[PDB]
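First come two forms of one protein chain, each written alone as structure tokens, so that there is a structure 1 and a structure 2.
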Structure 1
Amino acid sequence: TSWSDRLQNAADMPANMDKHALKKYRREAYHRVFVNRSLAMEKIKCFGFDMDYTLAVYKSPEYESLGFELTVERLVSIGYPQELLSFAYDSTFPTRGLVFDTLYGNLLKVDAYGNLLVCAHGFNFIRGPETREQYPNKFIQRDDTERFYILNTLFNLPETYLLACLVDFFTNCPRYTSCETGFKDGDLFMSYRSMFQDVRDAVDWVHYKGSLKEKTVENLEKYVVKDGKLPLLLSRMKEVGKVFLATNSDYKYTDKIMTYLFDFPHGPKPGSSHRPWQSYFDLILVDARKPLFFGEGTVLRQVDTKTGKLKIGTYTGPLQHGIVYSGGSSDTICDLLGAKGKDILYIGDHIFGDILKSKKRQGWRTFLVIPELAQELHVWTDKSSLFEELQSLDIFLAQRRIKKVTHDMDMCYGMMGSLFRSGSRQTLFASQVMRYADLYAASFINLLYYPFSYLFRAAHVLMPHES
């Protein structure tokens, strides 16, 4: 099964708010909130939510497969070869947080320090010695954003795989000659960089100018996890604080998704009257443009909720009941809900644009949703054997077996391994989760299972000379 299967299984369950049931439930990994830094919930005055891959978790592999399919069609449409059409999305290939090197056309799994853990060129996994040809120090300068692109979001799962399909196809298609930095077809040269830009633009185009959204919304059961405990959680938050939505997506789409998310015969709990999704929020903001939202932002606009268009002009009014904002900045939230950054818990899946940025620019408290965790956890438990074997093989040498066992652990997760590590080496992703997510979970719903008085605790950190 998939991580969205695990999530949706848990979603289909009623909430048993009996306090002993709660305590028991959240000691189970699947339902636990994990803590990187201590957070006293009683201090949180505003709970803020992201929408895509946070409140609205898209079913896998269905959604990735749709995105891939329409990206490929867009590319064939602009003149890429018909062979593309025979590609089919494969969920066992891509892991999130990979770096596409646009110079050399490789996918890299790196650690926090730019060190190379895995290198695939198409579907060929390049081993240690061979990577030194292009990476003399087995290292990339990942801030070199012109050359290196980090495929940080679940939205990038289909393109991670498509990049590899395309490198593989051109490499092995006799019409094209492979060169260091791209492919020659007679008098046309396609660099990996230009190829990469096309894929990137086509993904954007599918989400913005194409048919992805329309196809999602016309079959919401197929594409979006739904959970009757969402209204319960939000109603409970609203009892102790303020709740807000801040989404990069536009009004029309947010309304269709959010309406689905709340589409039950009842309100917070079974038996209670249904109420519109907007009622659960003290402030609703779309077209956020995160991460820029956490700095200068853009001009504050007001949505005409009847037409779905923006009113003409900058909005200069106060928080009214029923107003929906567009644009603005993180200061809009603070000022209008009368909060300081440390009074806000923002909940989101984008490690960069939701968590890193809110934490560094603004000192918000952060909760990261990691939808893959719901399944990464089952693997970590079931194959704790291998990791233990590896753990123990590092102490006995304190070599070829370290390498063989690493590969066997990593393969259980997929061709590109755990989101969090390659053997004993932690990924950039893992290290940024630890660095900037105060709390993290497989789902935001795991907060339901903790009283609002709860103190999420982490042990104090000590330097080597201090221990």
Structure 2
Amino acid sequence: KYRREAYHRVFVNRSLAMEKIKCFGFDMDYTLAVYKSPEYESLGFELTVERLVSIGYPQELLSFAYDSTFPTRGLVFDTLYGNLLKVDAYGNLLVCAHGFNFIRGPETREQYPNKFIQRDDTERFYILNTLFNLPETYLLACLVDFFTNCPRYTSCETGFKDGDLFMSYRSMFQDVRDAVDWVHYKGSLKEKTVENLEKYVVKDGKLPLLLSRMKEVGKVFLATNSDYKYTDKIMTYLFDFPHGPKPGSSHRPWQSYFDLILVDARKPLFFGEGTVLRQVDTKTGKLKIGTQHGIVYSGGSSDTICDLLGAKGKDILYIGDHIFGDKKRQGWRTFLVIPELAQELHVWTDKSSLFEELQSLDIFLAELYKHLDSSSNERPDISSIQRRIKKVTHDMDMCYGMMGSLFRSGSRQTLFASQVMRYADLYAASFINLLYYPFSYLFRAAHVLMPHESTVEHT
């Protein structure tokens, strides 16, 4: 079968006939505006720590340096015991780190009977789903680690004797959860991003090319959480080239690429009741009191966008980096951006050696038990080649980072995997990969197989 280059590919969960697509909707942040890594994370990290020190946290936090190789997106923070968990779709603990100490084996079972947690017990647990969470993911580990191994702090099961009244992990977590919020909303993050954009934000002439082609076969819109003056800056930079879509072409304003531009969207509330629809003054950012087609909207709702565009769910492909939830309404189609996927395809490809040795070691196992059944009392020693497995699974796991792959730990899918398969029709490392497909393309679901399907042939 013909398949496009791995790194160009759009992966299909549910089938989608692209000619039926009439509108393309865009998330801005971490979608069109992909923030550079490790650098944007570091900026968030440093600003969050600066903010915690200012409210009374110890100075030793300033020596923390962000480390991209620790966090994996989507971990669960247990505010009761101060643990970052990696769990599967159903609640089962895959990985459990206290600070930088990885527990596993029997010792985890003392703290988590049945190696299981109630994911729907919010504000005991906290799911760190988004790309903005990577900083505080690593920070919490640092914090738990520091206070654990600092002699003037006594470690309790649910927190610390800090000096000496009590700081619970739950209080420490809110402390962190507020700092990040503060940094995004009142601190100098957006500010420092904007003042050196070439350091923090990616740009590629492929973005205007792709959008322009979309506007030829359908309508295009923007629905972002960010305000207008932040959006005007970020988009102006994304489209700053000495030309328009193609080389030689005249440069066009970034506004000219959208039939509808909406800011202050308030997602997820946007997709339900929403807020009241406003309009924005291009000249000032400040909202117009009252509410031609060169217009910029504020607030509003999903439903409104369809009414203005003259469309309906089915007709709309919504492109972004965020996984939502859940009717009625009317039910937009979905493209999901997962930047980690560029790294994971390199492991899947450039680390074949490991996958092959696993496959063969597994093969070999099947041979040992070939002429064997319940009658047979032969207990072939397999501890030797068991060991080589755990540990090549460890090595393979560790190519993805210290908390492993985004989508799986060994055999098991992660909770993050299941939600991606819930939420997304289409996915890839970036929407740009759309460039490589015609707009008449028929995306066929890549069928997912149960054991009795995957390992039984049609012969």
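Numbers given to residues start at 1 and step along the sequence of structure 1. C-alpha atoms forming the largest set that superposes within 1.5 Å between two forms make up the rigid core.
Looking at CA displacements between structures 1 and 2 with the core superposed, a shift of 2 Å or more is confined, among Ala112, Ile126, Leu393, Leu377, to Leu393. The two forms, fitted on the rigid core, differ between structures 1 and 2 by less than 2 Å at the CA of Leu455. Once both forms are overlaid on the rigid core, the distance between the two CA positions of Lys404 between structures 1 and 2 is 2 angstroms or more. With the core superposed, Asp282 shows a C-alpha displacement below 2 Å between structures 1 and 2.
Taking the rigid core as reference, the CA displacement of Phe139 between structures 1 and 2 comes to 1.2 Å. Superposing the two forms on their core, we find that the Cα atom of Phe367 is displaced by 0.5 Å between structures 1 and 2.
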